[PDB]
Amino acid sequence: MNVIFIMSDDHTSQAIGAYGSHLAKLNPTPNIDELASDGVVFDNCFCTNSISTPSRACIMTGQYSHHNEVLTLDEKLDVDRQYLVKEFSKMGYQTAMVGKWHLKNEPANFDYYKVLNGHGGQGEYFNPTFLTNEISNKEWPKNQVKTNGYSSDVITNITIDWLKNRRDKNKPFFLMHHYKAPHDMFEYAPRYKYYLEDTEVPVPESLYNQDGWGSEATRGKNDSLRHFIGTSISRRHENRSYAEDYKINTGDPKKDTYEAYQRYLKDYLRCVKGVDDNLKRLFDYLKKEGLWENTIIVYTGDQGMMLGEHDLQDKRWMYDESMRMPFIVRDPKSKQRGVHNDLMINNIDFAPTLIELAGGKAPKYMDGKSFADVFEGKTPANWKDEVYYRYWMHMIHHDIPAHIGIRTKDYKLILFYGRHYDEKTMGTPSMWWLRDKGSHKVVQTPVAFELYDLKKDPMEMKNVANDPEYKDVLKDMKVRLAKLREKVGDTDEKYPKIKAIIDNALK
Ligand SMILES: O=S(=O)(O)OC[C@@H]1O[C@@H](O[C@@H]2[C@@H](O)[C@H](O)O[C@H](CO)[C@@H]2O)[C@@H](O)[C@H](O)[C@@H]1O
Ligand SMILES: [Ca+2]
Ligand code: NA
């Protein structure tokens, strides 16, 4: 069967109505939700490394970051590591890649590609330029075309145009359809400027209240690093915030945070609307063409994002809003339609599961395993009850310390080792646009554990690591985290300073 893998950029699960967050009363994704009403909504899908390039590498390879070597936004994915597309080409599929690529190297293993180029692979919201192999008289990365209009509209037209005029109608196709929205700074199409103009976006209480959240690793001893760690919505963080970026000055510091939250969320949801409106045009074409009944469709985001919760922004954090990815699959031949699923899955599991759903076998060389049996009503054999996470990009871009962690259905334990893996990067500025105006440095940050009871406290408001009545859960989770790190091979032999910190904190 055909496969269309749709992925959006920073489209987090709270901003999708089918996940029923406090934002769901705004009805932000009516078309995505309709697809979910005829498919499976995976409630426990998680990123292993919440940034675009590492997450997109885990999806393509089905392997953890330390195995594909794409640790941060600074690394490249080898052309020979394009396992997902290659495995579909082996099965006789024609393959196409459209939209945001962000894997640095050429999508050479795709028969057709037309991917975003400018701004380090992030693209532009208006008149974006693409690198494509329909201009075959040039070579990567000089095979550039220009387009007219808004990126979400242009990208949707590229995919539909390929399906209509370039696709071989007698071969099954595997298409990766990647959007650039709703990425910052959320430059929505001008036709949405007054969408949600007179509607208040529901505000979480964690935006203003953070008592019990965090530790010395994320706030410092006696809250001395509240100005230093974690970019904010309020003017808490001294160097980067939405209140400062939006130049909001009410006189009341709390109303500053509120207005910056409204602006951040409305501009963001305006981009989400543009994606959702475009998907109606794509889904209408697939239905009219008759591909709706023989095409497996996936909607996901490369990672989640903090939408102001705990006065945080962006991703990278292991916190559930950034760690969890939205993941909706419609298998038109499965009886699992209009249901939710609680299975703990990862983005590294996407590739082998999609290979088996298309009539293949889960590749042995991948860390991820197939959960295709879910679409047959079965629980996969010996499936994990825990997930591994690691953010490597210490301090850079958003002043977020590197950390590892493990998450079960009931508990989450985070270990911040607060150090960058590259010694040459230690000591250097974290934000390049403030290299002149005084940015923070990629320095060592306090090492500490954070522990959250996901059944009593799913919003992760209360760190209960120092709590004595959780000290048995604490020792238990520290054991599973050490063996999970051991089982996946992320033992940091390559990095001595980091190995000593993690090994000594676990033992
Ligand atoms: O692609 S994402 O992971 O969804 O976004 C990550 C972004 O990282 C920083 O933006 C930098 C730019 O400052 C730099 O010029 O180019 C690189 C190209 O990868 C990134 O775009 C953050 O400043 C941004 O907020 C975002 O988190
Ligand atoms: Ca992203
Ligand atoms: Na887009």
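Residues numbered from 1 in each chain as written, not as in the entry; some residues may be left out. Chains lettered and ligands numbered in written order. Heavy atoms only, no water. Residues with missing side-chain atoms left out of burial classes, pairs and counts.

- This deposited entry lists X-ray crystallography as its structure determination method and 2.40 Å as its resolution.

**Looking at the site of ligand 1**
Here's step 1: Around ligand 1 there are 20 residues in total, and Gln122, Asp314, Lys315, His398 and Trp432 lie nearest to it.
Here's step 2: Within the side chain of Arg316, an N or O atom sits 3.0 Å from an oxygen atom of ligand 1.
Here's step 3: Contacts to ligand 1 include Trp432, whose side-chain N or O atom sits 2.9 Å from an oxygen atom.
Here's step 4: Taken together, the residues of the shell around ligand 1 sort by class into 4 nonpolar, 8 polar and 8 charged. (Near = heavy atom within 4 Å. Polar contact = N/O pair within 3.5 Å; in protein donor to acceptor, adjacent residues only side chain to side chain. Nonpolar A, V, L, I, M, F, W, Y, C, P; charged D, E, K, R; others polar.)

**A closer look at the packing of aromatic side chains**
Two numbers describe a pair of aromatic rings. These are the distance of the centres and the angle of the planes.
Here's step 1: Under the criterion given, the structure shown has 33 aromatic pairs.
Here's step 2: Measuring from ring centre to ring centre gives 5.0 Å for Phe88 and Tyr93, while their planes differ by 90°; the resulting arrangement is edge-to-face.
Here's step 3: By relative accessible area, which is 0% here, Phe88 ends up buried.
Here's step 4: Residue classification places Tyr93 among the buried residues on the basis of a relative accessible area of 7%.
Here's step 5: Ring pairs connect the aromatic residues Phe5, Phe42, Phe327, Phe350, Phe371, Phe375 and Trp383, which therefore count as one cluster.
Here's step 6: Seen from the ring of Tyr258, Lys255 lies directly overhead, with NZ or CZ sitting 3.9 Å from the centre. (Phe/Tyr/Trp six-rings, centres within 6.5 Å; stacked < 30°, edge-to-face > 60°. Buried < 20%, exposed > 50% of the residue type's maximum accessible area, 1.4 Å probe, protein only. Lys NZ or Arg CZ within 6 Å of the ring centre and 35° of its normal.)

**Points about the coordination of the calcium ion (ligand 2)**
Here's step 1: Around the calcium ion (ligand 2), the protein contributes the donor atoms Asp9 (OD), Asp10 (OD), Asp302 (OD), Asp302 (OD) and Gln303 (OE1), which lie 2.3 to 3.0 Å from the metal centre.
Here's step 2: Coordination geometry of the calcium ion (ligand 2): the 6 donor atoms subtend angles of 47 to 178° at the metal centre, consistent with an arrangement described as irregular.
Here's step 3: Residue class for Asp10 comes out buried when judged on its relative accessible area of 0%. (Donors = N, O, S within 2.8 Å, 3.2 Å for Na, K, Ca; no water. Tetrahedral: all angles 85-135°; square planar, octahedral: opposite > 155°, others 65-115°.)

**Comments concerning the packing of helix α4 (residues 83-90) against helix α10 (residues 350-357)**
Here's step 1: Relative orientation of the contacting elements α4 and α10 amounts to 15°, with a least axis distance of 10 Å. Judged on the interaxial angle alone, α10 and α4 are roughly parallel. Seen from above, α4 lies across α10 with right-handed handedness. Residues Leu84, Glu87 and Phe88 of α4 lie in contact with α10, whose contacting residues are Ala351, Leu354 and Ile355.
Here's step 2: Split into classes, the residues belonging to the contact of α4 with α10 amount to 5 nonpolar, no polar and 1 charged. (Axes fitted to C-alpha atoms, helices over the stretch in contact; angles between N-to-C directions. Helix = DSSP H or I, 4+ residues; strand = E, 2+ residues; numbered from the N terminus. Parallel < 35°, antiparallel > 145°, perpendicular 65-115°, else oblique. Left-handed = near helix turned anticlockwise from the far one by under 90°. Contact = heavy atoms within 4.5 Å.)

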